[PDB]
2 protein chains.
Amino acid sequence: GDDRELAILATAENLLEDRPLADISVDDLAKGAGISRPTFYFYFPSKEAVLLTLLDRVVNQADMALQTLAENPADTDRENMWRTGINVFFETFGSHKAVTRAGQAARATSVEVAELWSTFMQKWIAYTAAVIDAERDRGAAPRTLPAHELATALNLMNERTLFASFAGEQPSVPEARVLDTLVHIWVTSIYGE
Amino acid sequence: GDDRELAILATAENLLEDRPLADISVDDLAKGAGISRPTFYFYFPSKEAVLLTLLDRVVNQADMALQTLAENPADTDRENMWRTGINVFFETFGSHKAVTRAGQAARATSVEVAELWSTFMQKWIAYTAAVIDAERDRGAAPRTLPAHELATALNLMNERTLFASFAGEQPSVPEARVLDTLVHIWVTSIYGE
Ligand SMILES: CCCCCCCCNC(=O)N1CCC(C)CC1
Ligand SMILES: CCCCCCCCNC(=O)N1CCC(C)CC1
């Protein structure tokens with residue numbers, strides 16, 4: 001039950017590497033998972049539900065890694081503190097580029113995908129603002145913009161910029177340059193007057 | 001000829017304020033422009049072509065305003081120089097929110113929309129990098145990140161963040177706060193070490 005489900009999810013992630021969800025039939029999913037079409041429909045209502053589950057897994061993997069870091073601070077300067085946090089997103093979404101691409105496309109057509117993405121962006125922005133607020137309270141960062149507004153723009157930059165790098169968009173920052181680029185902008189905008 | 005074309009474009013921009021392009025028939029466009037369906041097809045091949053033309057107009061309005069500013073520098077500090085430039089995009093796209101929303105949706109399904117947006121983002125990034133390079137050459141900005149990579153991330157931040165504000169997304173920076181938020185991040189990241 002868990003095993004046919006994981007086989008369907010694994011098949012979908014593999015097929016998304018080579019074509020969009022629109023070009024994957026539920027027949028393709030059932031065939032890769034070694035089940036029939038009706039048996040598929042027992043585990044998922046639709047191929048869209050399979051993508052929602054894949055995206056939910058990736059988003060929660062990033063969130064749990066951020067929670068781990070939040071509990072287990074690295075012993076490092078402020079630049080490295082922010083770099084390690086942005087790296088959670090770089091590594092987690094960068095390790096699942098096909099699901100990342102497909103999920104972003106699904107935001108336009110799926111209220112459940114849009115709501116999942118909104119929920120976690122709100123969480124990550126709130127955490128970012130709490131860290132900025134802590135840095136200001138300790139005297140390490142200046143009281144410039146409203147922390148939640150700064151956090152929002154920085155998180156949206158990372159969403160757009162990581163996505164463009166992963167998707168090979170024109171324009172994009174090269175993938176081998178994107179982490180340093182984002183870290184610079186975060187550190188200067190958080191600590192700068 | 002120019003006048004029936006402008007009537008079709010005006011009808012489309014008005015109807016996009018209240019519903020997506022998928023919910024606008026070519027009958028609706030012809031009716032608002034005071035022409036028949038076949039007469040529509042004389043001026044545009046499709047409703048998608050009408051949106052491409054609307055987006056082309058808005059993008060070139062922003063580009064021409066940036067060209068005007070590039071030729072007619074304001075007599076102001078570095079913060080105001082960048083604020084005036086970001087404001088071109090805030091005002092131009094903010095004055096055409098329905099076309100902005102519809103154009104962004106069309107990038108997923110229209111190679112011509114995607115290519116139009118890419119072409120102008122490349123232009124605006126190249127201009128941004130040239131200004132950063134000039135600021136470094138004059139000794140006003142430090143030689144930190146590769147200017148074209150910094151420019152790319154900043155332009156992508158503005159694309160995503162302005163869009164979220166205009167579209168009322170959750171999350172977003174309030175529209176009345178977005179210009180100050182972006183200016184801060186640009187100035188600190190360009191001038192900061
Ligand atoms: C391609 C999809 C990528 C989506 C990335 C969206 C989140 C970006 N947010 C961050 O990078 N964070 C927030 C938390 C702080 C502590 C570290 C930095
Ligand atoms: C909702 C669609 C918005 C899209 C905005 C895309 C462009 C953002 N770029 C800028 O803001 N610029 C670039 C040029 C310099 C000199 C000023 C700042």
# chains A, B, ... in the order shown; residues from 1 in each chain; ligands from 1
$ interface_residues --of "chain B" --to "chain A" --cutoff "10 Å" --atoms "only C-alpha atoms" --output "VMD selection string"
chain B and resid 105 108 114 to 115 117 to 123 125 144 to 146 148 to 162 164 169 to 174 177 to 178 180 to 182 184 to 193
$ write_last_selection --atoms "C-alpha atoms" --output "tab-separated table (two decimals), in the first residue's frame"
chain	number	residue	atom	x	y	z
B	105	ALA	CA	-0.01	33.61	-17.35
B	108	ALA	CA	3.56	29.30	-19.86
B	114	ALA	CA	7.93	34.04	-23.38
B	115	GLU	CA	10.38	35.34	-26.02
B	117	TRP	CA	9.48	38.90	-21.92
B	118	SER	CA	12.97	37.28	-22.20
B	119	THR	CA	14.15	39.81	-24.77
B	120	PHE	CA	13.18	42.82	-22.62
B	121	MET	CA	14.39	41.28	-19.32
B	122	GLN	CA	17.78	40.72	-21.03
B	123	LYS	CA	17.80	44.35	-22.15
B	125	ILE	CA	19.47	43.45	-16.97
B	144	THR	CA	31.84	42.89	-5.24
B	145	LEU	CA	29.76	40.39	-7.28
B	146	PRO	CA	29.93	40.17	-11.11
B	148	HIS	CA	25.64	41.10	-14.66
B	149	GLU	CA	24.86	38.36	-12.06
B	150	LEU	CA	23.88	40.94	-9.38
B	151	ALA	CA	21.77	42.75	-12.02
B	152	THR	CA	20.05	39.52	-12.96
B	153	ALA	CA	19.00	38.64	-9.39
B	154	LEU	CA	17.81	42.22	-8.69
B	155	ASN	CA	15.72	42.36	-11.89
B	156	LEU	CA	14.21	38.93	-11.12
B	157	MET	CA	13.41	40.10	-7.56
B	158	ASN	CA	11.59	43.13	-9.02
B	159	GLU	CA	9.71	41.00	-11.58
B	160	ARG	CA	8.45	38.59	-8.89
B	161	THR	CA	7.87	41.13	-6.12
B	162	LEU	CA	6.09	43.78	-8.23
B	164	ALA	CA	2.99	39.62	-6.32
B	169	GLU	CA	-0.81	37.42	-3.86
B	170	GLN	CA	-0.25	35.86	-0.45
B	171	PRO	CA	2.60	36.46	0.28
B	172	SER	CA	3.26	39.97	-1.05
B	173	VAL	CA	4.69	43.31	0.01
B	174	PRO	CA	1.84	45.84	0.23
B	177	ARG	CA	5.48	49.62	0.52
B	178	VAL	CA	6.96	47.78	-2.49
B	180	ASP	CA	10.74	51.55	-0.80
B	181	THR	CA	11.39	47.83	-0.12
B	182	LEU	CA	12.99	47.21	-3.53
B	184	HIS	CA	16.52	49.51	-0.12
B	185	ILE	CA	17.63	46.09	-1.40
B	186	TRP	CA	19.04	47.56	-4.63
B	187	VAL	CA	20.99	50.35	-2.90
B	188	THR	CA	22.40	48.20	-0.14
B	189	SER	CA	23.41	45.36	-2.48
B	190	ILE	CA	24.98	47.69	-5.11
B	191	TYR	CA	26.86	49.97	-2.69
B	192	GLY	CA	27.49	47.65	0.21
B	193	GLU	CA	30.64	45.74	1.18
$ select_by_dssp --residues "segment 21-153 of chain B" --states "alpha helix (DSSP H)" --output "PyMOL selection string"
chain B and resi 26-33+37-43+47-71+78-94+97-106+111-137+147-153
$ atom_distance --atom1 "atom CA of residue 175 of chain B" --atom2 "atom CA of residue 12 of chain B"
24.7 Å
$ residues_around --residues "residue 6 of chain A" --least-positions-apart "4" --cutoff "12 Å" --atoms "only C-alpha atoms" --output "list in words"
residues 1, 2, 10, 11, 12, 13, 29, 30, 32, 33, 34, 40, 43, 44, 50, 53, 54 and 57 of chain A
$ write_last_selection --atoms "N, CA, C and O atoms" --output "PDB file, in the first residue's frame"
ATOM      1  N   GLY A   1       0.868  -1.218   0.000  1.00  0.00           N
ATOM      2  CA  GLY A   1       0.000   0.000   0.000  1.00  0.00           C
ATOM      3  C   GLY A   1       0.877   1.230   0.000  1.00  0.00           C
ATOM      4  O   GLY A   1       0.876   1.936  -0.988  1.00  0.00           O
ATOM      5  N   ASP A   2       1.693   1.399   1.049  1.00  0.00           N
ATOM      6  CA  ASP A   2       2.819   2.373   1.078  1.00  0.00           C
ATOM      7  C   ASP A   2       3.710   2.093  -0.140  1.00  0.00           C
ATOM      8  O   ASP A   2       4.053   3.055  -0.802  1.00  0.00           O
ATOM      9  N   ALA A  10       7.494   7.661  -7.423  1.00  0.00           N
ATOM     10  CA  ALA A  10       8.815   7.508  -8.061  1.00  0.00           C
ATOM     11  C   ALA A  10       8.721   7.515  -9.583  1.00  0.00           C
ATOM     12  O   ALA A  10       9.527   8.173 -10.225  1.00  0.00           O
ATOM     13  N   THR A  11       7.761   6.807 -10.126  1.00  0.00           N
ATOM     14  CA  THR A  11       7.467   6.798 -11.575  1.00  0.00           C
ATOM     15  C   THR A  11       7.163   8.222 -12.021  1.00  0.00           C
ATOM     16  O   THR A  11       7.757   8.696 -12.969  1.00  0.00           O
ATOM     17  N   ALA A  12       6.279   8.926 -11.328  1.00  0.00           N
ATOM     18  CA  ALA A  12       5.910  10.283 -11.756  1.00  0.00           C
ATOM     19  C   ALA A  12       7.162  11.192 -11.741  1.00  0.00           C
ATOM     20  O   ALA A  12       7.329  11.989 -12.694  1.00  0.00           O
ATOM     21  N   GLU A  13       7.972  11.116 -10.697  1.00  0.00           N
ATOM     22  CA  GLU A  13       9.129  12.047 -10.608  1.00  0.00           C
ATOM     23  C   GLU A  13      10.085  11.728 -11.758  1.00  0.00           C
ATOM     24  O   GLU A  13      10.626  12.655 -12.398  1.00  0.00           O
ATOM     25  N   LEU A  29       1.739   6.170 -15.585  1.00  0.00           N
ATOM     26  CA  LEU A  29       2.049   6.035 -14.137  1.00  0.00           C
ATOM     27  C   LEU A  29       1.826   4.616 -13.631  1.00  0.00           C
ATOM     28  O   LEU A  29       2.646   4.102 -12.887  1.00  0.00           O
ATOM     29  N   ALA A  30       0.687   4.020 -13.982  1.00  0.00           N
ATOM     30  CA  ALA A  30       0.337   2.658 -13.564  1.00  0.00           C
ATOM     31  C   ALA A  30       1.362   1.677 -14.121  1.00  0.00           C
ATOM     32  O   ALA A  30       1.909   0.915 -13.347  1.00  0.00           O
ATOM     33  N   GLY A  32       4.514   2.232 -14.955  1.00  0.00           N
ATOM     34  CA  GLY A  32       5.837   2.290 -14.295  1.00  0.00           C
ATOM     35  C   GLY A  32       5.767   1.743 -12.900  1.00  0.00           C
ATOM     36  O   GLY A  32       6.744   1.275 -12.390  1.00  0.00           O
ATOM     37  N   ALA A  33       4.581   1.835 -12.279  1.00  0.00           N
ATOM     38  CA  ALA A  33       4.455   1.363 -10.885  1.00  0.00           C
ATOM     39  C   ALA A  33       4.066  -0.113 -10.868  1.00  0.00           C
ATOM     40  O   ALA A  33       3.964  -0.669  -9.763  1.00  0.00           O
ATOM     41  N   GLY A  34       3.875  -0.755 -12.017  1.00  0.00           N
ATOM     42  CA  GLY A  34       3.574  -2.213 -12.076  1.00  0.00           C
ATOM     43  C   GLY A  34       2.162  -2.564 -11.601  1.00  0.00           C
ATOM     44  O   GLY A  34       1.954  -3.666 -11.017  1.00  0.00           O
ATOM     45  N   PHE A  40      -4.393   2.191  -9.848  1.00  0.00           N
ATOM     46  CA  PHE A  40      -3.874   3.548  -9.641  1.00  0.00           C
ATOM     47  C   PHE A  40      -4.922   4.370  -8.919  1.00  0.00           C
ATOM     48  O   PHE A  40      -4.565   5.093  -7.951  1.00  0.00           O
ATOM     49  N   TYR A  43      -5.266   4.518  -5.149  1.00  0.00           N
ATOM     50  CA  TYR A  43      -4.172   5.269  -4.428  1.00  0.00           C
ATOM     51  C   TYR A  43      -4.165   6.802  -4.633  1.00  0.00           C
ATOM     52  O   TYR A  43      -3.861   7.534  -3.669  1.00  0.00           O
ATOM     53  N   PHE A  44      -4.582   7.282  -5.808  1.00  0.00           N
ATOM     54  CA  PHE A  44      -4.672   8.709  -6.154  1.00  0.00           C
ATOM     55  C   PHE A  44      -5.892   8.944  -7.037  1.00  0.00           C
ATOM     56  O   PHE A  44      -6.184   8.155  -7.942  1.00  0.00           O
ATOM     57  N   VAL A  50      -1.044  13.240  -7.773  1.00  0.00           N
ATOM     58  CA  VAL A  50       0.313  12.659  -7.605  1.00  0.00           C
ATOM     59  C   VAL A  50       1.308  13.826  -7.547  1.00  0.00           C
ATOM     60  O   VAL A  50       2.201  13.809  -6.690  1.00  0.00           O
ATOM     61  N   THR A  53       1.195  15.561  -4.224  1.00  0.00           N
ATOM     62  CA  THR A  53       1.898  14.778  -3.197  1.00  0.00           C
ATOM     63  C   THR A  53       3.415  14.920  -3.351  1.00  0.00           C
ATOM     64  O   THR A  53       4.105  15.050  -2.352  1.00  0.00           O
ATOM     65  N   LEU A  54       3.930  14.844  -4.579  1.00  0.00           N
ATOM     66  CA  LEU A  54       5.394  15.031  -4.797  1.00  0.00           C
ATOM     67  C   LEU A  54       5.839  16.403  -4.256  1.00  0.00           C
ATOM     68  O   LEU A  54       6.861  16.486  -3.600  1.00  0.00           O
ATOM     69  N   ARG A  57       5.874  16.597  -0.533  1.00  0.00           N
ATOM     70  CA  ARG A  57       7.069  15.927   0.023  1.00  0.00           C
ATOM     71  C   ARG A  57       8.298  16.837  -0.047  1.00  0.00           C
ATOM     72  O   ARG A  57       9.051  16.932   0.912  1.00  0.00           O
TER      73      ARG A  57
END
$ residues_around --residues "residue 135 of chain A" --least-positions-apart "4" --cutoff "12 Å" --atoms "only C-alpha atoms" --output "list in words"
residues 78, 81, 82, 128, 129, 130, 131, 139, 140, 141, 142, 143, 147, 187, 190 and 191 of chain A
$ write_last_selection --atoms "N, CA, C and O atoms" --output "PDB file, in the first residue's frame"
ATOM      1  N   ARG A  78      27.770  35.763  10.542  1.00  0.00           N
ATOM      2  CA  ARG A  78      26.422  36.071   9.992  1.00  0.00           C
ATOM      3  C   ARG A  78      26.284  35.690   8.498  1.00  0.00           C
ATOM      4  O   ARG A  78      25.248  35.271   8.106  1.00  0.00           O
ATOM      5  N   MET A  81      25.767  32.013   8.347  1.00  0.00           N
ATOM      6  CA  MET A  81      24.451  31.670   8.916  1.00  0.00           C
ATOM      7  C   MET A  81      23.367  31.757   7.825  1.00  0.00           C
ATOM      8  O   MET A  81      22.602  30.808   7.619  1.00  0.00           O
ATOM      9  N   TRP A  82      23.366  32.847   7.090  1.00  0.00           N
ATOM     10  CA  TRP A  82      22.375  33.031   6.008  1.00  0.00           C
ATOM     11  C   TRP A  82      22.660  32.079   4.828  1.00  0.00           C
ATOM     12  O   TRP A  82      21.741  31.501   4.272  1.00  0.00           O
ATOM     13  N   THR A 128      12.183  34.020   8.541  1.00  0.00           N
ATOM     14  CA  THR A 128      13.199  34.981   8.115  1.00  0.00           C
ATOM     15  C   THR A 128      13.076  36.279   8.923  1.00  0.00           C
ATOM     16  O   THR A 128      14.040  36.827   9.427  1.00  0.00           O
ATOM     17  N   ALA A 129      11.844  36.793   9.061  1.00  0.00           N
ATOM     18  CA  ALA A 129      11.609  38.052   9.783  1.00  0.00           C
ATOM     19  C   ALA A 129      11.979  37.874  11.256  1.00  0.00           C
ATOM     20  O   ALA A 129      12.548  38.830  11.829  1.00  0.00           O
ATOM     21  N   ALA A 130      11.704  36.722  11.835  1.00  0.00           N
ATOM     22  CA  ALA A 130      12.064  36.482  13.254  1.00  0.00           C
ATOM     23  C   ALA A 130      13.575  36.517  13.415  1.00  0.00           C
ATOM     24  O   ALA A 130      14.105  37.020  14.425  1.00  0.00           O
ATOM     25  N   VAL A 131      14.305  35.929  12.462  1.00  0.00           N
ATOM     26  CA  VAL A 131      15.790  35.971  12.566  1.00  0.00           C
ATOM     27  C   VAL A 131      16.287  37.391  12.389  1.00  0.00           C
ATOM     28  O   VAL A 131      17.161  37.810  13.160  1.00  0.00           O
ATOM     29  N   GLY A 139      21.680  43.915  18.348  1.00  0.00           N
ATOM     30  CA  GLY A 139      22.483  45.075  17.876  1.00  0.00           C
ATOM     31  C   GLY A 139      23.353  44.759  16.661  1.00  0.00           C
ATOM     32  O   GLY A 139      24.222  45.565  16.330  1.00  0.00           O
ATOM     33  N   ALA A 140      23.172  43.609  16.027  1.00  0.00           N
ATOM     34  CA  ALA A 140      23.988  43.155  14.866  1.00  0.00           C
ATOM     35  C   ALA A 140      23.457  43.707  13.535  1.00  0.00           C
ATOM     36  O   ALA A 140      24.220  43.984  12.635  1.00  0.00           O
ATOM     37  N   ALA A 141      22.189  44.008  13.460  1.00  0.00           N
ATOM     38  CA  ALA A 141      21.557  44.533  12.229  1.00  0.00           C
ATOM     39  C   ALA A 141      20.871  45.851  12.582  1.00  0.00           C
ATOM     40  O   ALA A 141      20.200  45.964  13.622  1.00  0.00           O
ATOM     41  N   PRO A 142      20.894  46.819  11.664  1.00  0.00           N
ATOM     42  CA  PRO A 142      20.249  48.105  11.879  1.00  0.00           C
ATOM     43  C   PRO A 142      18.737  48.026  11.656  1.00  0.00           C
ATOM     44  O   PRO A 142      18.221  47.188  10.893  1.00  0.00           O
ATOM     45  N   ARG A 143      18.015  48.929  12.316  1.00  0.00           N
ATOM     46  CA  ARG A 143      16.538  48.982  12.197  1.00  0.00           C
ATOM     47  C   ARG A 143      16.211  49.850  10.998  1.00  0.00           C
ATOM     48  O   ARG A 143      16.023  51.067  11.126  1.00  0.00           O
ATOM     49  N   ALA A 147      10.861  44.461   9.095  1.00  0.00           N
ATOM     50  CA  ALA A 147      11.515  43.162   8.866  1.00  0.00           C
ATOM     51  C   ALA A 147      10.660  42.244   8.025  1.00  0.00           C
ATOM     52  O   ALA A 147      11.207  41.469   7.217  1.00  0.00           O
ATOM     53  N   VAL A 187      22.803  39.522   2.774  1.00  0.00           N
ATOM     54  CA  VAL A 187      23.672  40.054   3.845  1.00  0.00           C
ATOM     55  C   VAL A 187      23.726  41.580   3.732  1.00  0.00           C
ATOM     56  O   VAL A 187      23.610  42.303   4.741  1.00  0.00           O
ATOM     57  N   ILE A 190      20.245  43.089   4.796  1.00  0.00           N
ATOM     58  CA  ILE A 190      19.920  42.900   6.227  1.00  0.00           C
ATOM     59  C   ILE A 190      20.843  43.729   7.108  1.00  0.00           C
ATOM     60  O   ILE A 190      20.365  44.253   8.143  1.00  0.00           O
ATOM     61  N   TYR A 191      22.103  43.835   6.769  1.00  0.00           N
ATOM     62  CA  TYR A 191      23.076  44.469   7.692  1.00  0.00           C
ATOM     63  C   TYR A 191      23.424  45.882   7.274  1.00  0.00           C
ATOM     64  O   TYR A 191      24.062  46.590   8.020  1.00  0.00           O
TER      65      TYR A 191
END
$ closest_residue --among "B:58, B:7, B:86, B:126" --to "ligand 2" --atoms "only C-alpha atoms and all ligand atoms"
B:86
$ atom_distance --atom1 "atom CA of residue 31 of chain A" --atom2 "atom CA of residue 111 of chain A"
28.2 Å
$ closest_residue --among "A:113, A:102, A:42, A:124" --to "ligand 1" --atoms "only C-alpha atoms and all ligand atoms"
A:124
$ residues_around --residues "residue 67 of chain B" --least-positions-apart "5" --cutoff "12 Å" --atoms "only C-alpha atoms" --output "VMD selection string"
chain B and resid 60 to 62 72 to 73 85 88 123 to 124 127
$ residues_around --residues "residue 14 of chain B" --least-positions-apart "5" --cutoff "12 Å" --atoms "only C-alpha atoms" --output "PyMOL selection string"
chain B and resi 7-9+19-21+24+28-29+32-33+51+54+96-99
